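Take a look at the structure below.
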Amino acid sequence: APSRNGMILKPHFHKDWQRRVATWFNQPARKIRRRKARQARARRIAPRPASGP
Amino acid sequence: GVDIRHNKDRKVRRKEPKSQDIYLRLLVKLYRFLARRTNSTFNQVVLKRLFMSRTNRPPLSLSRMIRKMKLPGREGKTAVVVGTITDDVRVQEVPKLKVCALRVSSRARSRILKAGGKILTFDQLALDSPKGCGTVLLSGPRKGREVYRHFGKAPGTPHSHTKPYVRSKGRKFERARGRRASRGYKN
Amino acid sequence: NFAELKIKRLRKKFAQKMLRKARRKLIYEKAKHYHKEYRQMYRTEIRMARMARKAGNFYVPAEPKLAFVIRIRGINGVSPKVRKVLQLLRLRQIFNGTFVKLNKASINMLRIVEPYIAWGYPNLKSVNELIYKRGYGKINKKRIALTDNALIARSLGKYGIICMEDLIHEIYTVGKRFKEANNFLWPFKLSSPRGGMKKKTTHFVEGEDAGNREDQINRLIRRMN
Amino acid sequence: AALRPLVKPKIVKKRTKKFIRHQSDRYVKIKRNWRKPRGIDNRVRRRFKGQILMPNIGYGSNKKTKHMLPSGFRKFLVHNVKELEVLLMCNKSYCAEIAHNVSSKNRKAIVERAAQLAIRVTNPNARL
Amino acid sequence: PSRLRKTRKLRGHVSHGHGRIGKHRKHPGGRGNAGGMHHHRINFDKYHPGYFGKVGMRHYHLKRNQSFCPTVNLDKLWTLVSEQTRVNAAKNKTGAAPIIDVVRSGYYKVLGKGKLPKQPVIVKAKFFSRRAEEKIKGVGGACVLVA
Amino acid sequence: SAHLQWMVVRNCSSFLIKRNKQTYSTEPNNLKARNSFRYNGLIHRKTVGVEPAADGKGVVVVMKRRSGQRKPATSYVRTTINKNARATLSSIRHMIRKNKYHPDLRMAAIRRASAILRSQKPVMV
RNA sequence: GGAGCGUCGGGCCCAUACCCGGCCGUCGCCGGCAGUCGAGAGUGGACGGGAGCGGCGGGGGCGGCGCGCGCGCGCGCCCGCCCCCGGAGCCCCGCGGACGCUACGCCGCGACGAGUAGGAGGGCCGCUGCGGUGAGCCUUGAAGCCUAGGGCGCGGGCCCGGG
RNA sequence: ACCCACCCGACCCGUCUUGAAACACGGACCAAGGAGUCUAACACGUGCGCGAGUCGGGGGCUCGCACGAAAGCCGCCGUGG
RNA sequence: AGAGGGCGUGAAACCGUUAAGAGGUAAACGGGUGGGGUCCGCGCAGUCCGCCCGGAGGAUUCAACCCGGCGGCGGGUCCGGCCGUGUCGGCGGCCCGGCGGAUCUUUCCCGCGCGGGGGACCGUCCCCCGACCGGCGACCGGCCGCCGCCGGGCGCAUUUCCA
Ligand SMILES: [Mg+2]
Ligand SMILES: [Mg+2]
Ligand SMILES: [Mg+2]
Ligand SMILES: [Mg+2]
Ligand SMILES: [Mg+2]
Ligand SMILES: [Mg+2]
Ligand SMILES: [Mg+2]
Ligand SMILES: [Mg+2]
Ligand SMILES: [Mg+2]
Ligand SMILES: [Mg+2]
Ligand SMILES: [Mg+2]
Ligand SMILES: [Mg+2]
Ligand SMILES: [Mg+2]
Ligand SMILES: [Mg+2]
Ligand SMILES: [Mg+2]
Ligand SMILES: [Mg+2]
Ligand SMILES: [Mg+2]
Ligand SMILES: [Mg+2]
Ligand SMILES: [Mg+2]
Ligand SMILES: [Mg+2]
Ligand SMILES: [Mg+2]
Ligand SMILES: [Mg+2]
Ligand SMILES: [Mg+2]
Ligand SMILES: [Mg+2]
């Protein structure tokens, strides 16, 4: 029951969202994995530019 | 039994600043002493406006400071603001100033020190004029916040100009029944 | 330099002492003049009555301009208009007393709050007990005892009332400073009447203690003070 | 002779009995520690005649004699010898209190150091 | 900090700050924004006017790329260009008249709010306001279109 | 300066001691051991401290030098007074009086000095 | 010959009610204190000339704008000094200025103190874990538990003594 | 503070209620567990930084991660809100 | 084993025994006391001392005052030098300084109308002596006043400890 001058809100939490929460605790380890893969690619192509063509 | 209405026996004014910042507390101590010793009301107003909150001391703009200090009679005068001095980029020329404030932004400070003015703090203002002689005490726009556009008389009501709390403005979120004479009624 | 400052300090102390003795002599002579005026009034009322009785006449005395009002019923179960008039007359507790000057508005206010008060016309010795024994003034909104004439001389120095005798003379012979004197006087916190009340709930005519005690208020003042 | 305080006031106490909790006489699970009654119909809450009394602010002891021992001192809990020089300028009004967890080996050192510094200990003859 | 929340000061209080007569039930007036035309009608009239009804046309595939038109006023016009450009002004016996490229700064339409200082300009913008053009030609500048 | 670091130190110092309603302060050169702005020797430009001697006989008096801040090794100077105790009280009194060296600590340092004097003697029978 | 009824007179009994006094807390004081003479408050002092027991020739007003605990006081000899408080020695020290000052502290007056549903504030009340801190405590005895012991706090609870 | 004796007071706590000691309901006693939490959207008030600007989201560069999946930085310091 | 094979500590409800008290208005509670117990703090008088002063018993040294050395505080014409800020002078560093610019020059160079490096211009940060205002708690070396410490001269009406 809305009362005494708030916003007329529409929250999208009517589905089963707690089963589908995507927590992002992976992402600093994912930055480490992307860094290691990028350094491995740069060591693979040794005279070539590391970014690409 | 005595019939005192005890609803308003406790005055709800500020006695001390709610913040825990030690430079502001030292300025508060110095203006406490100046308020309960000096006979001037300037130190009391400075202490009362050092008591207030951040949304209660509004930022004062540089062009309004130029406007209020180019009034006649206040030559050789200083401008004491108990909030912050913010720069306006839409003013071109700036004269010599003597500005006392809690905090001046970097662009306004560079503009005043390039124009040749002086920027004092409150301890330097107390060392210069302890009774507050040669001062004009200014304050920024109090009703200038967006929060006051939603206050006062309620919307959905005739002769009211209150901004309603809308999550996103547009065509189909409002301006229908309650705002159109075609859809039932307008106000 | 130092001897000059010493002689200057002794001169200032002598100036304060001489001015204090002059104000003391002022208070003494004004109290003597008030004694003379009181004896004059008490003589001339009997003179008027005797010269009225000498012929076939009658001296109707004046309705006295000053009354003393005591709230005799407490705060529980009070009408709104009656409570408003009692808090305008500064009767907030049971057994409070105030000096009230008499006019049409005052008589009508007292007659519409008759059943909760006992009011009468007091006497000079009644004013003397109520001001010397119960002397409480309102200085900086504080109920401060009147242990010195300097308090009245600081509070009402711009009204001509600078001592206890000036205050008693204004209250008894109501003049142009009765409003300031009555606003200075805190409403008197009197004790319970020693010897018991006759009846609180009914009027003094029908055997009670409420209403108009226009001459018999002095015995109740002696019992409550 | 013993260690005398600086001034010896007459310690007056408005109430020396304990504010026990309601129905702690009846029930064992109800401790003696005070809990305020908050019921709609409670004798103790609405203060009927001849019952247990509620702890109000009116039972407050005098500020000159608050937290004061019957000897005339105020307690200060002391763990070691270094904490005894804290009360070096307060021995006429404050007294040392050796903690429970302090061993009997250094308790004698604390007692003799307080005897050298003229500081009263309320429990010197405990362990030995 | 649950140390400073309200549920610590309500230990011992029975109804926990939610009333003894009317208890804190689960959903007394419906879930969410329930009852638009009914039993919340006074709230939805005196605090959200225009909430019910259709108005205006419908533009189905709308995109902000076509309607992106950022606006700058003449009161903040010398802010987009560095300060030495207006230091080196009213000099050189020429009428130097610097160029202010507005699309380079990031705006498309130049509006006419505010006072403009007396210095000729060449304002290059995609769109202009009529009042802005009147202020620029009154100072002595020139409005140049660009696409 | 001094009031600034007092506003820092006044509640979150390591030498502060609560526990049973008295707030003391246990740093060196804090005579009377109060957590006050008068009785704090770490902060101020001028500092008087009174301590017992390490040998057991005499009283050492610690004077802050003023000749260098940011240098705690040479910030203080220590002297040792072992005399007939009237000259001890008079010497410390002259130290704090004639040198104009913060006279608020004067009589309290006399108190602490003569209490150390009564400490360094056989107390019982 | 009421301990009944009706009209009454003295004395007497007490409630958390009223008066006075003691204590606690709340609120108010343009509250006082970073250090001074000052209580109806209506000044101090260099600096040039004449020089003086004379001094401002103002309301039976009953009084403040003014007088006799000195203003030329005293000493050396008509003239000069009329001196500093490392100390005039004083109810006030304009010479630095606490025992009283965790200024988020201390202190001084005045009024008030009921309470459900509810709201706010302070907890040096209590539990658990963490970052700092106590040259912290401890097998010369930690936590826990019992106690007909000593206590403190209005209270939540806490500190010791014994096993 | 343990027990007993006397005088006066004194009906059993919580709840629904206009009204509870109730012939209204729950309740033998004791120990442990036990009930206003977390995310998002807002609104208002407060604390802080900057100020017609503000924020770095996301990503990238440095340390091999004890402390770390911390911290620091960015012609990305503004794509974007 | 006062840890004895479901055994670390072993609470409450409940039960048994011992000791004490009591008992016909069910038990229990609040206020005020009284009595009896278990323990605590004294005490063969606890009158507790902390200063100053007088007297009769004692006593080692030193203070009062000078000499030599060391350390500290305060400061003058600011004594001389560093240091330090506000202005003026050499626009001197500007190339024997980097950065940034939406101010010009492609009078230039390189990689091919563009990008970078040059050249002036502006803004931001520095070098040398001299003056004034605050010498500013950012430092010294001399000089003066004062204080403290060490070693001697200081023989006893001074000086300090026990009773
Ligand atoms: Mg890529
Ligand atoms: Mg109330
Ligand atoms: Mg209220
Ligand atoms: Mg009634
Ligand atoms: Mg009820
Ligand atoms: Mg409640
Ligand atoms: Mg409920
Ligand atoms: Mg609620
Ligand atoms: Mg409800
Ligand atoms: Mg119901
Ligand atoms: Mg109800
Ligand atoms: Mg019913
Ligand atoms: Mg009930
Ligand atoms: Mg029934
Ligand atoms: Mg039911
Ligand atoms: Mg049942
Ligand atoms: Mg539990
Ligand atoms: Mg809301
Ligand atoms: Mg906010
Ligand atoms: Mg958006
Ligand atoms: Mg075992
Ligand atoms: Mg085990
Ligand atoms: Mg084990
Ligand atoms: Mg076992």
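Any read-out appearing in this document is the output of simple, stated calculations on the displayed coordinates, not a laboratory observation. Neighbour counts are summed over all protein chains in view; Cβ atoms, including those assigned to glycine, are modelled from backbone coordinates with ideal geometry.
Name the single residue that is farthest from the chain's Cα centre (by Cα) among those in the range D:74-104 being surrounded by 13 or more Cβ atoms within 10 Å (Cβ to Cβ) and more than 12 Å from chain F (Cβ to nearest Cβ). Per the criteria, the residue is D:81.
Does the range A:1-40 hold any residues that are among the small types (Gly, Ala, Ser), surrounded by fewer than 10 Cβ atoms within 10 Å (Cβ to Cβ) and within 16 Å of ligand 8 (Cβ to nearest atom), and which are they? Write out each step before concluding.
The initial filter retains those residues of the range A:1-40 that are among the small types (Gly, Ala, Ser), namely A:1, A:3, A:6, A:22, A:29, A:37, A:40.
Among the residues that remain, those that are also surrounded by fewer than 10 Cβ atoms within 10 Å (Cβ to Cβ) are: A:3, A:22, A:29, A:40.
Result: A:3, single match.
Here residue F:56 meets the list (1) among the small types (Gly, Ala, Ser); (2) surrounded by 11 or more Cβ atoms within 10 Å (Cβ to Cβ); (3) on the phi > 0 side of the Ramachandran plot almost entirely, failing just condition (2).
Hey, can you tell me all the residues within the range B:62-87 that are closer than 21 Å to residue B:47 by Cβ and either within 16 Å of ligand 4 (Cβ to nearest atom) or out of contact with any helix residue (DSSP H, G or I) (no Cβ under 6 Å at 6 or more places or on another chain) (or both)? Spell out how you get there, then give the answer.
Just the residues of the range B:62-87 that are closer than 21 Å to residue B:47 by Cβ, to begin with: B:78-85.
Residues satisfying the conditions are B:78, B:80, B:81, B:83, B:84.
Mind checking whether some residue in the range D:54-63 is over 19 Å from the mean Cα position of the chain (by Cα), more than 16 Å from ligand 11 (Cβ to nearest atom), away from chain F (no Cβ under 11 Å) and assigned to a loop (DSSP other than H, G, I, E, B)? Yes: one or more hits.
Take the range E:97-123 and flag every residue that is outside any strand (DSSP E or B) and either out of contact with any helix residue (DSSP H, G or I) (no Cβ under 9 Å at 6 or more places or on another chain) or at positive phi (or both).
The initial filter retains those residues of the range E:97-123 that are outside any strand (DSSP E or B), namely E:97-98, E:102-108, E:112-121.
Matches in the range E:97-123: E:97, E:102, E:103, E:104, E:105, E:106, E:107, E:114.
Among the numbered conditions (1) away from ligand 4 (no atom under 16 Å from the Cβ); (2) closer than 21 Å to residue C:215 by Cβ; (3) within 14 Å of chain B (Cβ to nearest Cβ); (4) not β-branched (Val, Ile, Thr), the only one that residue C:61 does not meet is (3).
Step by step: first the residues of the range E:1-37, then only those that are over 25 Å from residue E:49 (Cα atoms) and among the hydrophobic types (A, V, I, L, M, F, W, C), then the one that is nearest to ligand 7 (Cβ to nearest atom). Which residue is that? That would be E:14. For the range B:140-187, taking the residues that are aromatic (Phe, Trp, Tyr) and assigned to a loop (DSSP other than H, G, I, E, B), the one that is nearest to the other protein chains (Cβ to nearest Cβ) is identified as B:165.
Restricting to the range B:22-52, what's the tally of residues that are of a type in the set (A, V, I, L, M, F, W, C) and within 14 Å of chain F (Cβ to nearest Cβ)?
First, pick out the residues of the range B:22-52 that are of a type in the set (A, V, I, L, M, F, W, C): B:22, B:24, B:26-28, B:30, B:33-35, B:42, B:45-47, B:50-52.
If we keep only those that are within 14 Å of chain F (Cβ to nearest Cβ) as well, we get B:22, B:24, B:26-28, B:30, B:33.
Selection size over the range B:22-52: 7.
One residue is enough: does the range D:1-21 have a residue meeting the conditions surrounded by 10 or more Cβ atoms within 10 Å (Cβ to Cβ) and outside any loop (DSSP other than H, G, I, E, B)? No, every residue in the range D:1-21 fails to be surrounded by 10 or more Cβ atoms within 10 Å (Cβ to Cβ) and outside any loop (DSSP other than H, G, I, E, B). Are any residues in the range D:31-50 loosely packed, with under 11 Cβ neighbours inside 10 Å and more than 12 Å from RNA strand I (Cβ to nearest atom), and if so, which ones? Of everything in the range D:31-50, those that are loosely packed, with under 11 Cβ neighbours inside 10 Å and more than 12 Å from RNA strand I (Cβ to nearest atom) turn out to be D:33, D:40, D:41, D:46.
Within the range E:35-53, the presence of a residue that is closer than 30 Å to residue E:137 by Cα, within 14 Å of chain B (Cβ to nearest Cβ), part of a strand (DSSP E or B) and touching a strand residue (DSSP E or B) at 6+ places or on another chain (Cβ under 6 Å) is excluded. In the condition set (1) of a type in the set (D, E, K, R); (2) more than 12 Å from chain F (Cβ to nearest Cβ); (3) out of contact with any strand residue (DSSP E or B) (no Cβ under 8 Å at 6 or more places or on another chain); (4) assigned to a helix (DSSP H, G or I), residue D:107 is compliant with all but (3).
Considering only the range B:1-21, state which residues are of a type in the set (S, T, N, Q), more than 10 Å from every other protein chain (Cβ to nearest Cβ) and within 13 Å of RNA strand H (Cβ to nearest atom).
At the first step, the residues of the range B:1-21 found to be of a type in the set (S, T, N, Q) are B:7, B:19-20.
Narrowing further to those that are more than 10 Å from every other protein chain (Cβ to nearest Cβ): B:7, B:19.
Within the range B:1-21, B:19 is the sole residue that qualifies.
Go through the range C:72-127 residue by residue and tally those that are within 14 Å of chain B (Cβ to nearest Cβ) and more than 21 Å from residue C:179 (Cβ to Cβ). Even if it seems obvious, please write down each step before you answer.
Here is the first cut: in the range C:72-127, the ones within 14 Å of chain B (Cβ to nearest Cβ) are C:73-80, C:82-96, C:116.
Of the ones still in play, those that are also more than 21 Å from residue C:179 (Cβ to Cβ) are C:73-80, C:82-83, C:93-95, C:116.
Total meeting the criteria: 14.
Hey, among E:58, E:11, E:25, which residue is within 10 Å of chain B (Cβ to nearest Cβ), more than 29 Å from residue B:151 (Cα to Cα) and either assigned to a loop (DSSP other than H, G, I, E, B) or within 16 Å of ligand 4 (Cβ to nearest atom) (or both)?
Working: E:11 fails: within 10 Å of chain B (Cβ to nearest Cβ); E:25 fails: within 10 Å of chain B (Cβ to nearest Cβ).
When all the criteria are applied, what remains is E:58.
Of the residues making up the range A:1-47, those that are under 24 Å from residue B:169 (Cβ atoms) and away from chain E (no Cβ under 14 Å) number 0.
Name the residue, out of E:61, E:18, that is within 13 Å of RNA strand H (Cβ to nearest atom) and without any contact (Cβ under 8 Å) to a residue 24 or more places away in the chain.
Only one candidate qualifies: E:18.
Note on the range B:22-38: among residues that are more than 16 Å from RNA strand H (Cβ to nearest atom) and touching a residue at least 60 places away in the same chain (Cβ under 8 Å), the one that is surrounded by the fewest Cβ atoms within 10 Å (Cβ to Cβ) is B:38.
Tell me, please, whether a residue that is at the interface with chain B (Cβ under 9 Å from one of its Cβ atoms) and either surrounded by fewer than 17 Cβ atoms within 10 Å (Cβ to Cβ) or closer than 29 Å to residue A:7 by Cβ (or both) can be found in the range E:88-104.
Restricting attention to the range E:88-104, the residues satisfying the condition of being at the interface with chain B (Cβ under 9 Å from one of its Cβ atoms) are none.
The answer is no, given that none of the residues of the range E:88-104 is at the interface with chain B (Cβ under 9 Å from one of its Cβ atoms) and either surrounded by fewer than 17 Cβ atoms within 10 Å (Cβ to Cβ) or closer than 29 Å to residue A:7 by Cβ (or both).
For residue D:48, are the conditions met, namely being closer than 26 Å to residue F:30 by Cα and of a type in the set (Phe, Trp, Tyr)?
Values: closer than 26 Å to residue F:30 by Cα: no; of a type in the set (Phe, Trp, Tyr): yes.
Answer is no for this residue.
Can you tell me which residue within the range E:1-48, out of those that are hydrophobic (A, V, I, L, M, F, W, C) and within 16 Å of ligand 9 (Cβ to nearest atom), is surrounded by the fewest Cβ atoms within 10 Å (Cβ to Cβ)?
E:21
Could you please let me know if residue E:79 is within 25 Å of the chain's Cα centre (by Cα) and either within 14 Å of chain B (Cβ to nearest Cβ) or of a type outside the set (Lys, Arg) (or both)?
On the way: within 25 Å of the chain's Cα centre (by Cα): yes; either within 14 Å of chain B (Cβ to nearest Cβ) or of a type outside the set (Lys, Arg) (or both): yes.
Considered against the rule, which asks whether it is within 25 Å of the chain's Cα centre (by Cα) and either within 14 Å of chain B (Cβ to nearest Cβ) or of a type outside the set (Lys, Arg) (or both), residue E:79 comes out as yes.
The lone criterion from (1) assigned to a loop (DSSP other than H, G, I, E, B); (2) free of Cβ contacts under 8 Å to residues at least 24 places away in the same chain; (3) surrounded by 12 or more Cβ atoms within 10 Å (Cβ to Cβ) left unmet by residue B:133 is number (3). In the range F:100-125, of all residues being assigned to a loop (DSSP other than H, G, I, E, B), away from every other protein chain (no Cβ under 14 Å) and surrounded by 12 or more Cβ atoms within 10 Å (Cβ to Cβ), the one that is nearest to ligand 11 (Cβ to nearest atom) corresponds to F:102.
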